[PDB]
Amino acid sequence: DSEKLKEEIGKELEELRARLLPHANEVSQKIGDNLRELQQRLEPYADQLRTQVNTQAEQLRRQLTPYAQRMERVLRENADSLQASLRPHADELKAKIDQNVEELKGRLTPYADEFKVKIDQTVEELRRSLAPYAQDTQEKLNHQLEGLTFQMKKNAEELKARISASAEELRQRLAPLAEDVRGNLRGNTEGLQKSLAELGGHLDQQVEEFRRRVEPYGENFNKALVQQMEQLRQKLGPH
């Protein structure tokens, strides 16, 4: 089948060779000549195929390379544009932390001041109710009551000071969170996103620390003033 149709090729070639046998040298020479002519004919095309491989591969690069170049440029321009768009909001956050901590402070300190008013009102009434019992030694009564007014008001001033010092600690704890976000405008989008996704949580933790610390103050000082007045009652009253 397949082996027989290979023998036929050999057989026929052997027969052609047998016919050409008396001219084997001439025939070998004519084949050698045609082989050189083949090489000469194929040569410019074999050479140009190699050149065209290099020319085409080069053309394909010159055509495709501008796309990566254009996309690299869009990416850089965008990163600049993003930074320019984000910076104003990052500066406004930093500014609002400071402005809102002062507003918080300013809405809390009036209470400490109002305590000073209620101390004055109460001591003046105490003086009026104690005056009939010390009509000749009113100087001593006044001095002792002025002394009490001072001691009581010093507690109201301490409340105001502790509120202010705690609002300031809150400011010094919130400001770095705004700096961290601002520092990440320069750098990776992931770093910026992590600081932005975590910002709210970190603000809460710090605000909660302030609220936890300042919340007891009002009741604490109310009891302090009461102790002061109760101390006077026990000192001046019966044994």
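Throughout, we count residues from 1 along the sequence that is shown.
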Averaged over C-alpha atoms, is the B-factor higher for 35-43 or for 184-192 in this PDB entry?
184-192
Averaging only over Cα atoms, indicate whether 229-237 or 2-10 has the higher B-factor in the PDB entry.
2-10
Looking at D136, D98, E168, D91, which has the biggest Cα B factor in the entry?
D136
Of the choices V53, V27, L174, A197, which one's C-alpha carries the largest B-factor in the record?
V27
Lowest, middle or highest third: where is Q205 by Cα B-factor in its chain?
middle
According to the PDB entry, is the CA B factor of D80 in the bottom, middle or top third of its chain, that is, lowest, middle or highest?
highest
Based on the entry's values, in what third of the chain does the Cα temperature factor of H23 lie: lowest, middle or highest?
highest
For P132, the third of its chain by CA B-factor is the highest
Looking at the entry's B-factor column for C-alpha atoms only, identify whether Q59 ranks in the lowest, middle or highest third of its chain.
middle
